[PDB]
Ligand SMILES: CCCCC/C=C\C/C=C\CCCCCCCC(=O)O
Ligand SMILES: *[C@@H]1O[C@H](CO)[C@@H](O)[C@H](O)[C@H]1NC(C)=O
Ligand SMILES: *[C@@H]1O[C@H](CO)[C@@H](O)[C@H](O)[C@H]1NC(C)=O
Ligand SMILES: *[C@@H]1O[C@H](CO)[C@@H](O)[C@H](O)[C@H]1NC(C)=O
Ligand SMILES: *[C@@H]1O[C@H](CO)[C@@H](O)[C@H](O)[C@H]1NC(C)=O
Ligand SMILES: *[C@@H]1O[C@H](CO)[C@@H](O)[C@H](O)[C@H]1NC(C)=O
Ligand SMILES: *[C@@H]1O[C@H](CO)[C@@H](O)[C@H](O)[C@H]1NC(C)=O
Ligand SMILES: *[C@@H]1O[C@H](CO)[C@@H](O)[C@H](O)[C@H]1NC(C)=O
Ligand SMILES: *[C@@H]1O[C@H](CO)[C@@H](O)[C@H](O)[C@H]1NC(C)=O
Ligand SMILES: *[C@@H]1O[C@H](CO)[C@@H](O)[C@H](O)[C@H]1NC(C)=O
Ligand SMILES: *[C@@H]1O[C@H](CO)[C@@H](O)[C@H](O)[C@H]1NC(C)=O
Ligand SMILES: *[C@@H]1O[C@H](CO)[C@@H](O)[C@H](O)[C@H]1NC(C)=O
Ligand SMILES: *[C@@H]1O[C@H](CO)[C@@H](O)[C@H](O)[C@H]1NC(C)=O
């Protein structure tokens, strides 16, 4: 039943990588909006 | 005297070596096929953007040139003259003559700076004047202007720094030419040595744009899409409100006494003209910064809500007048919004505000409970509580007077001297304005594409009367796309409509550059029944897909050659009375033939033919892998470290690529490894007189392939071991294969080799020739080939004695049919297209590494050789983002292709199972006709099916009846039909004429002979 | 904008790719139509004398008294779907462009190409198929068309499903009446195709969202190139124009990817239709 | 094997074949090649006239 199990595994893997990809910086100074907004004013945070 | 330059005037745009490449550049080039002016045996001509000067000479008559604006002693001029002994270059204030010649050129040389002297058959020169540099390119070539192509080389770049608008030649028989240069795009070609030997002028013709797009000098037969029809603007328009007065610069920047910072002032500015040049001789400003606009754009704008605030502060507090500052002034006195749009101006005023012994008339606030809001004022005078101890007016040790005083003395340090500050705020391009700049209006032009500037808003388009009613407080009008569509004229107050002046698609039909150089153009949004075209012609054909211009209409109908659209195709005549041309016609649907129907007539075949047809199906595509770090960062440790902030984006790509790679092997497996028993070819070749030698394995080759397989494997042009030293050095500069894998792009081999695939195919053939379809359902059982063919004939509705009586005819027909296929295979596009696509996808990925993506360069080493860590972290990230997007696009397209290839592979597997391991009843699934058998052959990345079918031929006409009434009962054939030749009645079969006597054995009676329609009589 | 045109050259290899994909799709569509309809290259004329055992085909055969040669049911079908046109520059110049919604698309570079086969040609193919199958049976799909009376063909077809032919020759009249009534019921029902309408709806929506997405800022100070260039000099305006270029290129890429994904499904449906034609119309099916 | 473990972000690996990074080689030394010039630029003339 590997043919059926593969679909479930693929869906779970996709949804888990989506969550894991929230810790990237993408070139910013931090990956946490709260940290960014606790230290910089509006113009520098935009 | 006009003349045509053809391809003269091409120079090297850079100083960098290139070879075996095609390069697209943009610079000031002399347009291809442009008319130059001819001078024989000395006027003053304009110098517009550069000049291409050429001289056919034999005795050194042309000596030099002079450049300038006016050639008298009121301006500076450049002299480049070649006297008999020297070449002298001077940039002075010359006084020249009407007719200078050699040496009497000028009279006085008053003052000047630049000087270079000493420097102890067809000539071409190019001149330019950019950023204060005079550049020259030149070349000499030994043998009115000739054909050919030559590229000029850089000579000198003089820093003269003057203004040039006219030039003149110096003469001492000969002739010279003069052509101007314009900013165009050109596609150059470097040969093996790095010399330029060809070029293409994009946007000179309709076929020249296609060449630039494809990045090739050749084009194949077809129809291509070009850019939409473009229209350039004719003239310019400026429309400001008509105002006369000048803004109150004196009252603001020149007042006698200024306000205090805590009680700052504010006055409105309206109905004036902003011209700040009047301040250039009275006031100097130490600080001047603007925020939502550029300082160089203030002259061309209009402003909506202008205010001016003024106060006095000490010297070192000027840095606190900015949007995001903190401190004593920004907290309790004056604050700017974070979205500020305006300018801030400050200057020293120690002469007007400083009195000896201390000036105490300027105050500020030092204590306050909380911070101020933007543009808020607080002029209170309440005592301030700072210790929780109450105090109702009394003062001391806990309660203070909020306001403090400045002490301004004339001998203070510059940090403690008074400064006057003015802040201007306004809005741009949203509402009606009454303060404009120093610009002069022009007339209003309608119904033409022109440039405009309406209250500072610039653009292009066509103006038109409008039927909208703006409210008094509105000035502009937008749409869903958020662009300005209507505007109210600021003088007449009428409303206009702005429309883009570019519209309509264009296409070009070409027969092939290897054949001809003429084309036809289709204007898809024009009705010629003429105007929105690049060129009219003698013949102009109007279709329902557009207006075709350049083809000759004909009234015959042929099959489609180049589909144009809406039922019309085009083709090259060539072979005709006229030299050659293009023709346009309507495609034909296949020569309507006939129908001969009646209620008592039938046709029955009397013969047959054996036909063999070929079918091709793709089964696999190439497998690849990617090293993301090596593609994005190369060998840079800095980039490698910066890339970790995108860590989860490379495993994601590699997983999909690995999935595709492992799917390919399953695709091949399901198609070819159906029978896991390997049957060897029989040792004696005797199958009822049928010849299979051209499809059975041949052991007289390095492999065991058959003749047809060997023919197939040579019609598609292509694992391997490419060693590092194999393409070390220059060889990597042209390989095109290890150029890929120097960047991290590899190709993985297939799991099953072509030898194994051929072994599987041979097993299939041996099984199906020796056993029939039994080996596909279980244990293989032997059966003679003639009897197997009898079975297969019984499977299509024909008796077996028909085969046993025409065995030799059938065998001969089959042998000839098999020979014809290998005859035709002499000189597979469906299989070749897969290889072409897989190669192009990988080559574009390498090509896309030369983009900037908005940075200053596409070379990490160049970026890192000039900038430090912080300044390079901003430029590297743009390249990282762009190069990640490229790989993502490649992977998505690969997935979308793999899905289609899998669909094809599944179809091929079903076809094998149903046509090769059995006989099929589905119509048109295993060929055209009645399917008898089929044989598989292997091709590169695909399979080939040879289908044998039965086709009837040579029909004859017969009369027929539905039933026969013998003696009051109704008789039915029970198999086949009743036919009559005119006097006698017989019963035969549907697919072959074979009459018999009507009797009870081949008949059944289930009627009374009263109701059947069409019953005859005769007898049985 | 010439400035934007010059700044866009640093993404030159991203437009040819999109155009290549779109051209592939557009070429595939004509092949889809051909494989389904142009199966037979011999056009058969409608019989001059209409005598088929009492069967009435008048509602599905070509009608020669219409501006085209479409049949009654075909016209009913064509009236139920609400969509090769020439739209001229002078046609929608002015305020009309603010509501047309068709030349608002093509003021921004988005155009639609006509199909290669017209509706009249497709109907001619269908008429040829009908005439062939009614006058020859299934022999014309295998070779030369051999004529046969319709009643005898129908007896063949009854034998094809295990019923003797006398069962047809003794109930011909009732069978013809039933067939005529059943045919009438279909045109009765076709009075007042959601599978076919969705294709048009999806394509139009995809084209309209592309035009709508041109008001996004993408992080810049404004979504208007003229507004950006009327206030900032080159150095300050390059920074803003780059963000707009990035966002709009991304929009185009998303549109193209969705178009490819839809083309795959349309191709699967077309392959099913071609196989169904071959097996159900040119023969008799046992599946 | 360690590179595979790091890529899979797991301390165990299942039976199979896995792709690792391309073959890498590090540089052995450093090189500098500027033109041979002796004179010193004229700072006095420009900044001290
Ligand atoms: C010696 C004490 C060190 C201070 C503790 C560290 C950080 C405190 C927060 C900010 C630094 C104080 C800066 C004061 C100078 C600016 C004063 C002003 O013009 O507003
Ligand atoms: C130009 O020459 C005149 C001589 O008449 C001289 O007075 C003037 O100073 C010169 N200008 C410069 C910039 O040297
Ligand atoms: C250009 O290079 C080829 C080999 O690459 C060489 O044979 C030829 O001589 C070169 N051309 C010149 C002008 O030297
Ligand atoms: C400012 O005032 C001084 C003295 O009153 C005067 O000389 C100067 O011209 C004035 N400047 C302007 C721009 O009015
Ligand atoms: C406005 O007044 C209220 C009530 O006195 C006060 O609480 C608030 O702080 C004031 N706003 C500012 C910006 O000081
Ligand atoms: C072009 O205009 C003419 C004039 O009205 C019209 O008859 C013709 O149909 C138009 N062309 C098309 C393709 O409709
Ligand atoms: C049937 O066709 C074959 C090949 O064309 C021919 O040799 C043979 O004579 C034909 N049979 C008759 C009865 O004509
Ligand atoms: C089969 O064909 C091959 C090639 O045409 C030929 O050499 C061979 O002799 C043929 N078979 C027989 C039995 O002749
Ligand atoms: C059968 O008769 C019809 C009607 O005359 C004719 O068109 C057809 O050609 C005939 N068949 C053959 C094989 O000649
Ligand atoms: C065919 O129709 C004609 C016309 O009425 C008729 O005379 C003839 O008997 C019919 N033949 C059959 C077999 O029904
Ligand atoms: C068949 O024969 C009967 C007499 O047995 C005759 O009455 C009848 O008319 C014949 N059929 C036709 C159509 O004439
Ligand atoms: C066939 O249908 C048409 C239209 O409904 C009708 O006019 C005709 O009468 C029908 N056939 C017969 C034989 O009545
Ligand atoms: C510049 O000239 C002064 C005056 O002689 C001298 O003291 C100084 O050293 C000179 N500059 C340098 C860099 O030596």
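Observations on the model:
- Spatial separation of Cα centroids for the stretch C:250-287 and the stretch B:804-871, in angstrom: 25
- Chain B: C-alpha gyration tensor shape, a/c 1.5 cut-off, then a/b vs b/c: prolate
- Fraction of beta bridges assigned by DSSP in chain B that are antiparallel (%, nearest 5): 95
- Each part reduced to its alpha carbon centroid, the stretch B:130-174 and the stretch B:698-714 end up 65 Å apart.
- Only alpha carbons enter this Debye calculation for the stretch B:224-307, each as an equal point scatterer, and the log10 of I(q)/I(0) it gives at q = 0.15, 0.17, 0.21, 0.26 Å⁻¹ is -0.79, -0.97, -1.36, -1.60.
- Label-to-label distance for residue B:861 and residue B:83 is 5.0 nm, based on points extended 7 Å past Cα in the beta-carbon direction.
- Rel. contact order, % - alpha carbon contacts under 8 angstrom, at least six apart, the stretch B:851-1003: 10
- Residue D:36 versus residue B:873: modelled label distance in nm, points set 7 Å from Cα along the beta carbon direction: 4.3
- Computed over the stretch B:555-631, relative contact order equals 21 percent, with contacts defined as Cα pairs under 8 Å that lie 6+ residues apart.
- Here the sum of -39500 (n - 2.57) over DSSP H runs of 4 or more residues, divided by the residues of chain B, equals -5500 deg cm²/dmol at 222 nm, to the nearest 500.
- Burial ranking of peptide ranges B:676-685, B:641-650, B:283-292 (average Cβ count within 10 Å, highest at the top): B:641-650, B:283-292, B:676-685
- Pairwise FRET efficiency - residue B:227 versus residue B:783, Cβ, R0 = 56 Å, nearest 0.05: 0.25
- Two-site FRET efficiency, residue B:141 against residue B:114, from Cβ-Cβ distance with R₀ of 45 Å, rounded to 0.05: 0.90
- For the stretch B:182-217 and the stretch B:319-336, distance of Cα centres in Å: 59
- Tensor-based shape of the stretch B:514-654 (alpha-carbon gyration tensor, a/c under 1.5 rounded, otherwise prolate or oblate): oblate
- Quotient of Cα Rg and 2.2 N^0.38 Å for the stretch B:522-594, N being how many residues it contains: 1.20
- Neighbouring partner chain Cβ atoms per residue of C:106-119, average, 10 Å criterion: 5
- Across every direction, the projection of the convex hull enclosing the Cα atoms of chain C has a mean area of 21.1 nm².
- When you count the other C-beta atoms within 10 angstrom of each residue and take the mean per peptide, B:127-138, A:24-35, B:866-877 line up highest first as B:127-138, B:866-877, A:24-35.
- Under conditions of 20 °C and 1.002 mPa s, the stretch B:809-926 yields 108 µm² s⁻¹ as its translational diffusion coefficient, taking Rh as the Kirkwood radius over Cα pairs in the Stokes-Einstein equation.
- Per residue of B:876-885, other chain Cβ atoms within 10 Å of the residue Cβ number 2 on average.
- Taking all Cα-Cα distances within the stretch B:414-487, those exceeding 17 Å account for 61%.
- Peptide C:232-244, shielding by other chains (average Cβ, 10 Å cutoff): 2
Every number in this text was worked out from the coordinates using simple rules, so none of it is lab data. Please note: Cβ atoms are built from the backbone with ideal geometry, for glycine as well, and neighbour counts cover all protein chains shown.
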